[PDB]
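Chemist: Submitted below is the structure of interest, expressed as structure tokens.
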Amino acid sequence: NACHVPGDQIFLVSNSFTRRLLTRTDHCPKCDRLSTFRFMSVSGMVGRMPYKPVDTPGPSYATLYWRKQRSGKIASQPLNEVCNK
Amino acid sequence: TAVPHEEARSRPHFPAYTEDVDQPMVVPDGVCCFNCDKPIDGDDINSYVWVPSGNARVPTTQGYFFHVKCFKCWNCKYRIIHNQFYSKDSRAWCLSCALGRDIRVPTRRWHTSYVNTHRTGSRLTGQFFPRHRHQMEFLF
Amino acid sequence: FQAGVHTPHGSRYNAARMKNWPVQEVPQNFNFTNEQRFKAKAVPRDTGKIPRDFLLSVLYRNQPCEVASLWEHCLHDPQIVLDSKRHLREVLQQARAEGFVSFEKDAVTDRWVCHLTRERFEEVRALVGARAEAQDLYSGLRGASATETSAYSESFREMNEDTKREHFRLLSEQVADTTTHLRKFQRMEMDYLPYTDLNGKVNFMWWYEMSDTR
Amino acid sequence: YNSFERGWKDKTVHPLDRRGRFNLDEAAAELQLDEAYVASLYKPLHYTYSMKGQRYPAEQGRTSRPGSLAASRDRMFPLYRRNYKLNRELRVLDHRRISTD
Amino acid sequence: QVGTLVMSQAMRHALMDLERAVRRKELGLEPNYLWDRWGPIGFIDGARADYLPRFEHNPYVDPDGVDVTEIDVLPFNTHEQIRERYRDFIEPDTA
Amino acid sequence: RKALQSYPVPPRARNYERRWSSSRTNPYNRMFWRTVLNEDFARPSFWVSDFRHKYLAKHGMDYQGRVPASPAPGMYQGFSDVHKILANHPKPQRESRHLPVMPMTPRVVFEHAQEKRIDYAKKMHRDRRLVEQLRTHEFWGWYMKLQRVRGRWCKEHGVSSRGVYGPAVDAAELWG
RNA sequence: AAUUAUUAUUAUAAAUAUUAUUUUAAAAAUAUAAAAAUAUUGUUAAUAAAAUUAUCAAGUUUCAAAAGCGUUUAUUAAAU
Ligand SMILES: [Zn+2]
Ligand SMILES: [Zn+2]
Ligand SMILES: [Zn+2]
């Protein structure tokens, strides 16, 4: 939902920061500096549309496949925790 | 894409914002002009015309790279009309000259193509989000 | 994080305590309803530099390390900046996406091994260098009688002749017992504060110092 | 509008873009970009280069009135005077560059 | 003026191609002077003739890293300091 | 309507006609495939396609080689607006051996006036982001001074900035 | 174009500026339609070529009558 010079992140955009939507400026963690991000794809909405369920627009078939890699197959590390504290 | 058929976009012919979370699609560091061979600024700029020919790999880790001013036909030295070029032995040749034809001067702008910069003209095609089976979605 | 709320009792993880958070006891009758177990929106953990600079110095020591017994190592460092098993795993997701660590199931076994990725491997080697360069300053023995540990210079060099792998074995549990005494008389208490960047993403700025209680 | 009476005033001038105070020429010195040029980037291109543009009539400045002296368009708007060195140097083709004989 | 030749833009691009041919054999490489493939029909190599008041968007590029620019040829103004600098190229061989 | 012979270069977009056809853009990519694919489409451009008829006569053969481009010096000397009795090539030369020079027709000079106003545009953009990557680049660098000076002040004044409650509502890591 | 009006005058070129003209406490019509169970043409001279949509905006089939694809001031077995 936003990438980098070489990396990615994720964020739901409001109405107020619609200007910064296409390309941002942010701290790229695969670096130590602010670097301009892009908008590789959508991941939902910041609020409800009238008369519609919680996931009115739906994230995507795409941004889900990005999620199913981040959370997804964590089977490398249910060790050190699963959801507990 | 995979997008079996009848699911791709129809009126503009292509979906906006090719999501590419599978492979990040960044400009490489060992990058260089195909036509000129001078190293290219990493990513801070749109002085380079980055043609990622879908998945390319061979021209560079990603697709061919050209500074906006090295994007001319090498043999005839004018612009690449309608931007279809012909990679002749690692020096982009104009299709008409590279094809044997000889009409060797255009009308509008001679030594600089009409091209877009940094793939912005090449993102009408190639590698939309579901670039493969990608069934990891609905499987458990 | 409290003893009996999200976690079973007695699981008071002996790691960096959060600052000002009073650990209070809950009766051993407690249990959420079948739905409150799940609402429970936790507090987000720092994954920034100081944990990611501290975790990697661990995984640089124990280069191939079974993930299961990884947490039992970060507890051992005097500079543990990690609140609990949850914080480690979230940092371990961060450092995973950064490209620093790379889990591989240890083919001969069925457990993954946090391998420091060869891509950014030469970065952490420098990174572990600066901290050690800046850590040996503090110790009151480094500088008072440097010759007390000049007995160590030769030994460990000639130790690596016969039993280097067996030397540090006892040294490993030795520090594990001596870092606990410290961790009873001082811990790195983490005081955090939220803040909103120009892009409206509320996140927390952190810092850590050592609380002296004795 | 914290006015209580709207007008040509108390219309909060920039209820956004809070990162004010840009020292262009100071910043232009870091980029080594001809301080006179950089400041021109940040005003409508009508005002600096020899481009077709639309000017407001009060901006043009009035003849010498009984109430006020002749207020030329420059002495009231100094940083809008076109710089025709900077135009020519950038936008027009010099005899030199095509002198063939 | 005494001897300072009025160098048209065509010249200061003909004196660039000469200087670029010097630097090459000053680098030790082969000085492939452009106008020694230039014959009575134009480029003998059957190539498109490179016309001299060359556009600034078609600068002659040699992938050997030779620098010649306006700062280079402006001192070679008068007749004398080229007949000795580019002696080896402007002069034909009669042997 | 401003006859095309007035424009320095003939116009890019060429509007036509067709009451029953509404689309601004000329369909290129069709005018391109023909021409590239079919040799004949574009008139031979006399010279590069003469020089046969002069090889065949003087050599008894088809030329059977790639014809040189850039017409020889001395050809088409009476012509004045060649541009068609050629490709768009320049009027070749005099019958001389002087180095090739573009005869600065009103057209060639205009192209110079583009490749300077192309370098002009790409330069006014290239250094907007160069100063835009100071303003926002330094605004962040300064904003983090703010969250630091706010970070320092919010510890001595003890404003935890996390609600009316004490941290004992935080330590639960519930909502409350 | 009667104007400071519908109004990017598209000859060019370029691509991240936090460039800066839009009153206001209601229901009728109306312009208009978000939302929403059944029904599917019973409405009508006649449904189906009839805005946009991330729920990604596309009816299928048969028969009869009907040429060229250009071109028209009441737009077609007009006139080419
Ligand atoms: Zn990055
Ligand atoms: Zn290039
Ligand atoms: Zn060519």
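Chain lettering (A, B, ...) mirrors the order of the structure tokens, residue numbering begins at 1 for each chain separately, and ligand numbering begins at 1 in order of display.
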Distance cut-off 9 Å, counting only C-alpha atoms - which residues of chain C neighbour chain A? Return them as a PyMOL selection string.
Modeler: chain C and resi 1-2+6-7+42+48+67-71+84-89+92-94+97-99+103-105+111-113+199-201
Chemist: Next, write the just-selected residues to a file, as an mmCIF file, in the first residue's frame, keeping C-alpha atoms as the atom set.
Modeler:
data_model
loop_
_atom_site.group_PDB
_atom_site.id
_atom_site.type_symbol
_atom_site.label_atom_id
_atom_site.label_comp_id
_atom_site.auth_asym_id
_atom_site.auth_seq_id
_atom_site.Cartn_x
_atom_site.Cartn_y
_atom_site.Cartn_z
ATOM 1 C CA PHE C 1 0.829 -7.086 29.819
ATOM 2 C CA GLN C 2 -0.162 -8.411 33.232
ATOM 3 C CA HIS C 6 -3.717 -12.472 28.632
ATOM 4 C CA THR C 7 -1.176 -14.980 29.929
ATOM 5 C CA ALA C 42 -2.881 -4.806 22.651
ATOM 6 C CA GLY C 48 12.820 0.655 15.833
ATOM 7 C CA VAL C 67 14.360 -19.988 16.730
ATOM 8 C CA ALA C 68 12.835 -21.756 19.744
ATOM 9 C CA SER C 69 15.758 -21.079 22.086
ATOM 10 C CA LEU C 70 16.430 -17.641 20.620
ATOM 11 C CA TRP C 71 14.571 -15.688 23.306
ATOM 12 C CA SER C 84 8.562 -9.828 26.385
ATOM 13 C CA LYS C 85 8.356 -12.707 23.925
ATOM 14 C CA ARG C 86 5.813 -10.680 21.974
ATOM 15 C CA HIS C 87 8.190 -7.754 21.455
ATOM 16 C CA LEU C 88 10.944 -10.038 20.184
ATOM 17 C CA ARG C 89 8.675 -11.645 17.610
ATOM 18 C CA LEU C 92 11.843 -10.405 14.402
ATOM 19 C CA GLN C 93 9.157 -9.693 11.807
ATOM 20 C CA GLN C 94 10.686 -6.260 11.236
ATOM 21 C CA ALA C 97 11.331 -7.689 6.203
ATOM 22 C CA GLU C 98 14.372 -5.418 6.445
ATOM 23 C CA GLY C 99 16.276 -8.329 4.946
ATOM 24 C CA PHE C 103 14.587 -18.123 8.490
ATOM 25 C CA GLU C 104 15.436 -21.511 7.037
ATOM 26 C CA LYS C 105 14.067 -24.778 8.341
ATOM 27 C CA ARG C 111 13.132 -26.167 13.403
ATOM 28 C CA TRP C 112 13.936 -22.891 11.692
ATOM 29 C CA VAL C 113 17.259 -21.127 12.131
ATOM 30 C CA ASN C 199 1.246 11.703 7.317
ATOM 31 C CA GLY C 200 -1.119 11.076 10.217
ATOM 32 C CA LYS C 201 0.326 7.716 11.254
#
Chemist: Enumerate the residues of region 61-198 of chain C with a DSSP assignment of alpha helix (DSSP H), computed from the backbone, and present them as a PyMOL selection string.
Modeler: chain C and resi 61+71-74+85-97+121-135+150-162+167-185
Chemist: Given only C-alpha atoms as the basis, pick out the residue of F:126, F:30, F:112, F:19 nearest to residue 99 (chain D).
Modeler: F:112
Chemist: Just want the 12 Å neighbourhood of residue 45 (chain D), counted on only C-alpha atoms (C1' of nucleotides), with same-chain residues fewer than 6 positions away dropped. Output as a PyMOL selection string.
Modeler: (chain D and resi 37-39+51-55+80-83+86-87+91) or (chain F and resi 121+124) or (chain G and resi 19)
Chemist: Could you please select, counting only C-alpha atoms, the residues of chain F within 7 Å of chain B and state them as a list in words?
Modeler: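 That gives residues 9, 29, 32, 36, 39, 87, 88 and 89 of chain F for chain F.
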Chemist: Using only C-alpha atoms (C1' of nucleotides) and all ligand atoms, what are the residues with an atom within 9 Å of ligand 2, set out as a list in words?
Modeler: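 Answer in the requested format: residues 32, 33, 34, 35, 36, 37, 38, 39, 40, 47, 48, 49, 65, 66, 67, 68, 69, 70 and 71 of chain B.
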Chemist: Can those selected residues be exported to a file as a compact mmCIF listing (two decimals), in the first residue's frame so that it contains N, CA, C and O atoms?
Modeler:
# COMPACT_ATOMS: atom_id res chain seq x y z
N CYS B 32 22.65 0.48 -16.13
CA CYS B 32 23.39 1.29 -17.13
C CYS B 32 22.57 1.47 -18.41
O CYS B 32 21.72 0.62 -18.67
N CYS B 33 22.83 2.53 -19.16
CA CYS B 33 22.11 2.85 -20.42
C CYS B 33 22.35 1.73 -21.43
O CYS B 33 23.50 1.31 -21.56
N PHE B 34 21.32 1.22 -22.10
CA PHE B 34 21.54 0.21 -23.16
C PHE B 34 22.25 0.87 -24.32
O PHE B 34 23.26 0.34 -24.78
N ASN B 35 21.73 2.00 -24.77
CA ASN B 35 22.30 2.68 -25.96
C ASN B 35 23.64 3.32 -25.63
O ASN B 35 24.57 3.18 -26.43
N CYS B 36 23.75 3.98 -24.48
CA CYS B 36 24.98 4.76 -24.19
C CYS B 36 25.96 4.05 -23.25
O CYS B 36 27.17 4.27 -23.43
N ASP B 37 25.49 3.27 -22.27
CA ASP B 37 26.33 2.46 -21.33
C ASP B 37 26.85 3.25 -20.14
O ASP B 37 27.39 2.62 -19.22
N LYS B 38 26.64 4.56 -20.11
CA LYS B 38 27.02 5.36 -18.92
C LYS B 38 26.12 4.94 -17.76
O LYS B 38 24.93 4.78 -17.99
N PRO B 39 26.62 4.78 -16.51
CA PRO B 39 25.75 4.47 -15.37
C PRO B 39 24.61 5.47 -15.26
O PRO B 39 24.73 6.63 -15.65
N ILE B 40 23.49 4.99 -14.74
CA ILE B 40 22.26 5.77 -14.63
C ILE B 40 22.03 6.09 -13.16
O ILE B 40 22.23 5.23 -12.29
N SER B 47 15.21 11.08 -15.28
CA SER B 47 16.00 11.33 -16.48
C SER B 47 16.19 10.07 -17.31
O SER B 47 16.66 10.16 -18.44
N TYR B 48 15.86 8.91 -16.77
CA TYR B 48 16.04 7.65 -17.47
C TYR B 48 14.70 7.08 -17.91
O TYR B 48 13.71 7.16 -17.19
N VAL B 49 14.69 6.49 -19.09
CA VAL B 49 13.50 5.83 -19.62
C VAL B 49 13.63 4.36 -19.31
O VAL B 49 14.35 3.63 -20.00
N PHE B 65 17.37 0.04 -20.03
CA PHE B 65 17.50 1.32 -19.37
C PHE B 65 18.13 2.31 -20.34
O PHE B 65 19.14 2.00 -20.97
N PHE B 66 17.61 3.53 -20.36
CA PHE B 66 18.13 4.54 -21.30
C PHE B 66 17.96 5.92 -20.71
O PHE B 66 16.89 6.20 -20.22
N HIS B 67 18.99 6.77 -20.76
CA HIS B 67 18.73 8.16 -20.31
C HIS B 67 17.79 8.73 -21.36
O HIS B 67 17.84 8.24 -22.50
N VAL B 68 17.03 9.76 -21.04
CA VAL B 68 16.02 10.23 -22.02
C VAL B 68 16.73 10.63 -23.32
O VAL B 68 16.11 10.51 -24.38
N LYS B 69 17.96 11.13 -23.24
CA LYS B 69 18.66 11.60 -24.46
C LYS B 69 19.43 10.47 -25.14
O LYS B 69 19.92 10.72 -26.25
N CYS B 70 19.55 9.29 -24.53
CA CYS B 70 20.23 8.19 -25.25
C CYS B 70 19.15 7.33 -25.91
O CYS B 70 19.48 6.24 -26.37
N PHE B 71 17.90 7.79 -25.92
CA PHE B 71 16.81 6.95 -26.46
C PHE B 71 16.65 7.12 -27.97
O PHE B 71 15.61 6.71 -28.49
Chemist: Please, what distance in Å, to one decimal, runs between CA of residue 39 (chain E) and CA of residue 67 (chain F)?
Modeler: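 Taking CA of residue 39 (chain E) and CA of residue 67 (chain F), their separation equals 15.2 Å.
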Chemist: Could you report the residues within 6 Å of ligand 3, using only C-alpha atoms (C1' of nucleotides) and all ligand atoms, as number ranges by chain?
Modeler: B: 73, 75-77, 93-94, 97
Chemist: Name all residues at most 12 Å from residue 56 (chain B) (count only C-alpha atoms (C1' of nucleotides); drop same-chain ones fewer than 5 positions away) and give them as a PyMOL selection string.
Modeler: chain B and resi 25+50-51+61-65+126-127
Chemist: Selected residues, N, CA and C atoms, written as an mmCIF file, in the first residue's frame, please.
Modeler:
data_model
loop_
_atom_site.group_PDB
_atom_site.id
_atom_site.type_symbol
_atom_site.label_atom_id
_atom_site.label_comp_id
_atom_site.auth_asym_id
_atom_site.auth_seq_id
_atom_site.Cartn_x
_atom_site.Cartn_y
_atom_site.Cartn_z
ATOM 1 N N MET B 25 9.938 -4.800 -7.853
ATOM 2 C CA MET B 25 10.055 -3.964 -9.054
ATOM 3 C C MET B 25 10.725 -2.627 -8.732
ATOM 4 N N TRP B 50 12.994 3.911 -18.235
ATOM 5 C CA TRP B 50 13.199 2.506 -17.799
ATOM 6 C C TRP B 50 12.136 1.635 -18.439
ATOM 7 N N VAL B 51 12.507 0.906 -19.482
ATOM 8 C CA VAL B 51 11.524 0.047 -20.190
ATOM 9 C C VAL B 51 11.628 -1.318 -19.539
ATOM 10 N N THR B 61 18.993 -6.578 -14.565
ATOM 11 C CA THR B 61 18.222 -7.418 -13.621
ATOM 12 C C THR B 61 16.772 -7.149 -13.984
ATOM 13 N N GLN B 62 16.448 -5.895 -14.272
ATOM 14 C CA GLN B 62 15.101 -5.567 -14.790
ATOM 15 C C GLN B 62 15.273 -5.271 -16.281
ATOM 16 N N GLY B 63 14.341 -4.567 -16.900
ATOM 17 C CA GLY B 63 14.398 -4.370 -18.360
ATOM 18 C C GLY B 63 15.339 -3.280 -18.814
ATOM 19 N N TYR B 64 15.477 -3.095 -20.126
ATOM 20 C CA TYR B 64 16.360 -2.065 -20.727
ATOM 21 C C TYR B 64 16.275 -0.727 -19.989
ATOM 22 N N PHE B 65 17.366 0.037 -20.034
ATOM 23 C CA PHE B 65 17.503 1.324 -19.375
ATOM 24 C C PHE B 65 18.130 2.309 -20.339
ATOM 25 N N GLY B 126 1.924 -5.172 -19.103
ATOM 26 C CA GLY B 126 2.932 -6.008 -18.486
ATOM 27 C C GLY B 126 2.846 -6.182 -16.989
ATOM 28 N N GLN B 127 2.651 -7.431 -16.566
ATOM 29 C CA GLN B 127 2.745 -7.874 -15.152
ATOM 30 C C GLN B 127 1.766 -7.105 -14.291
#
Chemist: Counting only C-alpha atoms, a student should be able to say which residues of chain D come within 12 Å of chain E; what is the right answer, written as a ChimeraX atom specification?
Modeler: /D:93-101
Chemist: Take the residues just selected and output them with N, CA, C and O atoms as a PDB file, in the first residue's frame.
Modeler:
ATOM      1  N   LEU D  93      17.083  30.783 -28.524  1.00  0.00           N
ATOM      2  CA  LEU D  93      18.250  30.252 -29.213  1.00  0.00           C
ATOM      3  C   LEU D  93      19.178  31.370 -29.660  1.00  0.00           C
ATOM      4  O   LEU D  93      18.774  32.274 -30.393  1.00  0.00           O
ATOM      5  N   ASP D  94      20.431  31.288 -29.236  1.00  0.00           N
ATOM      6  CA  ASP D  94      21.388  32.346 -29.502  1.00  0.00           C
ATOM      7  C   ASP D  94      21.954  32.209 -30.912  1.00  0.00           C
ATOM      8  O   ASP D  94      22.123  31.103 -31.426  1.00  0.00           O
ATOM      9  N   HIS D  95      22.239  33.352 -31.541  1.00  0.00           N
ATOM     10  CA  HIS D  95      22.850  33.351 -32.866  1.00  0.00           C
ATOM     11  C   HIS D  95      24.066  32.449 -32.872  1.00  0.00           C
ATOM     12  O   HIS D  95      24.332  31.736 -33.842  1.00  0.00           O
ATOM     13  N   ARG D  96      24.823  32.499 -31.783  1.00  0.00           N
ATOM     14  CA  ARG D  96      26.052  31.743 -31.629  1.00  0.00           C
ATOM     15  C   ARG D  96      25.872  30.269 -31.919  1.00  0.00           C
ATOM     16  O   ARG D  96      26.649  29.705 -32.690  1.00  0.00           O
ATOM     17  N   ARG D  97      24.852  29.645 -31.342  1.00  0.00           N
ATOM     18  CA  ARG D  97      24.742  28.198 -31.357  1.00  0.00           C
ATOM     19  C   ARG D  97      24.447  27.634 -32.733  1.00  0.00           C
ATOM     20  O   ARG D  97      24.493  26.413 -32.897  1.00  0.00           O
ATOM     21  N   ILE D  98      24.144  28.476 -33.715  1.00  0.00           N
ATOM     22  CA  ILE D  98      23.772  28.009 -35.043  1.00  0.00           C
ATOM     23  C   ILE D  98      24.534  28.791 -36.099  1.00  0.00           C
ATOM     24  O   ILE D  98      24.140  28.819 -37.267  1.00  0.00           O
ATOM     25  N   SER D  99      25.612  29.451 -35.700  1.00  0.00           N
ATOM     26  CA  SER D  99      26.385  30.254 -36.638  1.00  0.00           C
ATOM     27  C   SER D  99      27.215  29.356 -37.546  1.00  0.00           C
ATOM     28  O   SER D  99      28.238  28.812 -37.121  1.00  0.00           O
ATOM     29  N   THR D 100      26.803  29.219 -38.803  1.00  0.00           N
ATOM     30  CA  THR D 100      27.510  28.344 -39.735  1.00  0.00           C
ATOM     31  C   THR D 100      27.826  29.113 -41.014  1.00  0.00           C
ATOM     32  O   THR D 100      26.919  29.528 -41.738  1.00  0.00           O
ATOM     33  N   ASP D 101      29.116  29.303 -41.280  1.00  0.00           N
ATOM     34  CA  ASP D 101      29.589  29.913 -42.525  1.00  0.00           C
ATOM     35  C   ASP D 101      31.108  29.814 -42.632  1.00  0.00           C
ATOM     36  O   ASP D 101      31.761  29.164 -41.817  1.00  0.00           O
TER      37      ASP D 101
END
Chemist: Excluding residue 188 (chain C) and its own-chain neighbours fewer than 4 positions away, which residues fall within 7 Å of it when counting only C-alpha atoms (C1' of nucleotides)? Please give them as a PyMOL selection string.
Modeler: chain C and resi 16-17+81+208-211
Chemist: The selected residues should be written to file as a compact mmCIF listing (two decimals), in the first residue's frame (atoms: C-alpha atoms).
Modeler:
# COMPACT_ATOMS: atom_id res chain seq x y z
CA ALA C 16 13.15 -5.19 30.28
CA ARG C 17 10.25 -3.88 32.32
CA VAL C 81 15.90 -3.88 25.42
CA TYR C 208 15.45 3.48 27.42
CA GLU C 209 17.54 4.06 30.52
CA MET C 210 18.55 1.85 33.46
CA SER C 211 16.53 2.10 36.66
Chemist: Do you know which residues are at most 10 Å from region 33-46 of chain G counting only C-alpha atoms (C1' of nucleotides), after dropping those on the same chain fewer than 5 positions away, and could you put them as a list in words?
Modeler: residues 50, 51 and 52 of chain A
Chemist: For the interface of chain C with chain F (cut-off 12 Å, counting only C-alpha atoms), please tabulate each contacting residue of chain C alongside its nearest pair of atoms and their separation in Å to one decimal, rows sorted by chain and increasing number, as CSV.
Modeler:
residue,atom,partner,partner_atom,distance
C:1,CA,F:172,CA,5.1
C:2,CA,F:172,CA,5.5
C:3,CA,F:172,CA,9.0
C:4,CA,F:172,CA,9.7
C:5,CA,F:172,CA,7.2
C:6,CA,F:172,CA,8.2
C:7,CA,F:172,CA,10.7
C:17,CA,F:171,CA,10.8
C:18,CA,F:171,CA,8.6
C:19,CA,F:167,CA,9.1
C:20,CA,F:167,CA,6.5
C:21,CA,F:171,CA,5.4
C:22,CA,F:168,CA,5.9
C:23,CA,F:171,CA,7.6
C:24,CA,F:168,CA,8.5
C:25,CA,F:172,CA,11.2
C:26,CA,F:172,CA,10.8
C:32,CA,F:174,CA,11.3
C:36,CA,F:174,CA,9.5
C:37,CA,F:174,CA,9.7
C:38,CA,F:174,CA,9.8
C:39,CA,F:174,CA,7.8
C:40,CA,F:174,CA,4.4
C:41,CA,F:174,CA,5.3
C:42,CA,F:173,CA,4.6
C:43,CA,F:173,CA,5.5
C:44,CA,F:173,CA,9.1
C:45,CA,F:173,CA,11.0
C:83,CA,F:171,CA,11.9
C:191,CA,F:155,CA,9.0
C:192,CA,F:160,CA,8.8
C:193,CA,F:160,CA,7.1
C:194,CA,F:161,CA,7.5
C:195,CA,F:147,CA,7.0
C:196,CA,F:147,CA,8.8
C:197,CA,F:143,CA,8.1
C:198,CA,F:140,CA,8.0
C:199,CA,F:140,CA,10.7
C:203,CA,F:147,CA,11.4
C:204,CA,F:147,CA,10.3
C:205,CA,F:151,CA,8.0
C:206,CA,F:151,CA,9.0
C:207,CA,F:151,CA,9.7
Chemist: Provide the CA of residue 58 (chain E) to CA of residue 78 (chain B) distance in Å, to one decimal place.
Modeler: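 A separation of 8.5 Å between them.
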Chemist: Mind dumping a table of every chain B residue within 12 Å of ligand 1, with the nearest atom pair and its distance in Å to one decimal, using only C-alpha atoms and all ligand atoms, sorted by chain and rising number, as JSON lines?
Modeler:
{"residue": "B:24", "atom": "CA", "partner": "ligand 1", "partner_atom_place_in_ligand_line": "1 (Zn)", "distance": 10.6}
{"residue": "B:26", "atom": "CA", "partner": "ligand 1", "partner_atom_place_in_ligand_line": "1 (Zn)", "distance": 9.7}
{"residue": "B:27", "atom": "CA", "partner": "ligand 1", "partner_atom_place_in_ligand_line": "1 (Zn)", "distance": 11.5}
{"residue": "B:43", "atom": "CA", "partner": "ligand 1", "partner_atom_place_in_ligand_line": "1 (Zn)", "distance": 10.9}
Chemist: Could you take the residues named above and write them with C-alpha atoms, as a PDB file, in the first residue's frame?
Modeler:
ATOM      1  CA  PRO B  24       9.260  -5.322  -5.550  1.00  0.00           C
ATOM      2  CA  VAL B  26      12.767  -1.486  -8.099  1.00  0.00           C
ATOM      3  CA  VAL B  27      15.492   0.038 -10.278  1.00  0.00           C
ATOM      4  CA  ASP B  43      16.222   6.370  -8.559  1.00  0.00           C
TER       5      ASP B  43
END
Chemist: Identify, with DSSP run on backbone atoms, the residues in region 28-140 of chain B assigned to strand (DSSP E or B), and express the list as a PyMOL selection string.
Modeler: chain B and resi 32+39+48-50+65-67+72+79+85-88+91-94
Chemist: Pick the closest to residue 36 (chain D) from D:63, D:79, D:18, D:4: which is it, counting only C-alpha atoms?
Modeler: D:79
